[PDB]
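Output the structure for:
(2 chains, ligands or ions: 1)
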Amino acid sequence: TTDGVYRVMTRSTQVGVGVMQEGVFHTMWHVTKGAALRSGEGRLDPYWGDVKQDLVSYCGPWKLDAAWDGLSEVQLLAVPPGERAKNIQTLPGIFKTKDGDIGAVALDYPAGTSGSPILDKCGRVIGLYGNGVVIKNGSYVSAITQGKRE
Amino acid sequence: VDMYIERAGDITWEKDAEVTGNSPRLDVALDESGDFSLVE
Ligand SMILES: N=C(N)N[C@@H]1CCCCNC(=O)[C@H](CCCCN)NC(=O)[C@H](Cc2ccc3ccccc3c2)NC(=O)Cc2cccc(c2)CNC(=O)CNC1=O
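Numbers count the residues shown, from 1 in each chain, chains lettered A, B, ... in the order given. Below is the structure:
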């Protein structure tokens, strides 16, 4: 459970990505559907999740609490299947919803990139990539999905 | 099904990256299943 970004694999195929921070593994619910995860010789069990938010944490409660400031450029630390991690800087757009605005990144990557972290300039994880919309030209826009640290 | 994780990197902002992508302003809805849609 060392801090870092990880691929989520099935045996192999990469189905997603997630973040280890403070002993907790964070990914999007649709990547694992809460299934247990092998990490080396150990097992990680789901602790908290929420289908509507499309988030799940393993080993403990959700730890990521940095928020997009609504103003600054961010970086997707994309971990695409079969490719090395790479940083892509972008100015988010906005998903305007009846419950408020959510930052959203107009960056399109394979399905197995789901769970890749989005970072502020201090390197804090402001959310995870991969729950989004397809716009008229066929391209993708992802919410910056962040959980609540209780 | 063996689902497993493998480390892929350190979580670190990259200096001197060039901005890409646009900044779309979209009207969106979110359902109870966690699916986003575009409001038409
Ligand atoms: N350009 C495209 N389509 N790029 C996507 C990028 C995927 C990034 C990671 N996220 C996901 O996999 C989630 C999973 C599901 C999470 C659900 N709560 N996914 C998604 O959010 C979307 C959801 C979606 C879907 C349709 C929508 C239509 C109108 C408005 C909103 C819509 C939203 N799901 C898709 O985009 C599925 C998809 C639709 C059309 C074509 C493809 C895939 C082929 N593309 C790929 O095979 C790799 N690229 C792709 O799959």
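
Any figure for the gap between residue A:49 and chain B?
In this view, residue A:49 and chain B are 11 Å apart by CB to the nearest CB, to the nearest Å. (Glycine included, C-beta is placed from N, CA and C.)

what are the pairing partners of the longest strand along chain A, and which direction each?
In chain A, ranked by residue count with DSSP state E as the criterion, the top strand is strand A:13-21. Pairing partners of strand A:13-21, with direction, according to DSSP bridges: strand A:4-10 (antiparallel), strand A:24-27 (antiparallel).

Highest mean neighbour count out of those strands?
Across the strands paired with strand A:13-21, averaging neighbours per residue (mean count of other CB atoms under 10 Å in any protein chain shown) puts strand A:24-27 on top, at a mean of 25.

Quick check: next helix or strand after that one?
Once strand A:24-27 ends, the next helix or strand along the chain (criterion: DSSP states H and E) is helix A:29-32.

which other residues reach that next one?
Outside helix A:29-32, the residues that touch it by CB atoms under 8 Å, 6 or more residues apart in numbering or on different chains are A:8, A:15-18, A:46, A:49-51, A:53-56, A:114-115, A:130-131, B:3, B:34.

ok, now which ones touch residue 1?
I went with chain A, as the question did not name one. A:20, A:23, A:25, A:39, A:44, A:59.

my question was about chain B
A:10-11, A:35.

Would you map out the domains in chain A?
Following CATH domains of a matching chain, one finds the domains of chain A at A:1-64, A:65-149.

and the end-to-end length of the first one?
Distance between the two ends of domain A:1-64: 15 Å, counting by CA to CA, to the nearest Å.

Quick one: name the residues of chain B near chain A.
For chain B, the residues found near chain A under the criterion CB under 8 Å from any CB of the partner chain are B:1-14, B:17-34, B:36-38.

Buried ones among those?
Among the residues of chain B next to chain A, the ones that count as buried by 16 or more other CB atoms under 10 Å in any protein chain shown are B:3-5, B:8-9, B:11, B:13, B:21, B:23-24, B:26, B:28, B:30, B:34, B:36.

if we can go back for a sec, so which of the contacts of helix A:29-32 also contact the ligand?
Among the contacts of helix A:29-32, the residues that sit close to the ligand (CB under 6 Å from any ligand atom) are A:54, A:114, A:130-131, B:34.

Which two among those are spaced furthest apart?
A:114 and B:34 (12.2 Å; CB to CB).

Return every residue with contacts to both of those two.
Shared contacts of residue A:114 and residue B:34 (CB under 8 Å, 6+ apart): A:30, A:131.

Show the contacting residues for residue A:131.
A:28, A:30, A:54, A:114, A:142-143, A:145, B:34, B:36.

Which of those sits closest to residue A:64?
residue A:145 (10.1 Å).

The closest one: neighbour count?
Residues lying near residue A:145 (other CB atoms under 10 Å in any protein chain shown) number 24.

how much space between it and residue B:15?
Note on residue A:145: its distance to residue B:15, by CB to CB, to the nearest Å, is 26 Å.
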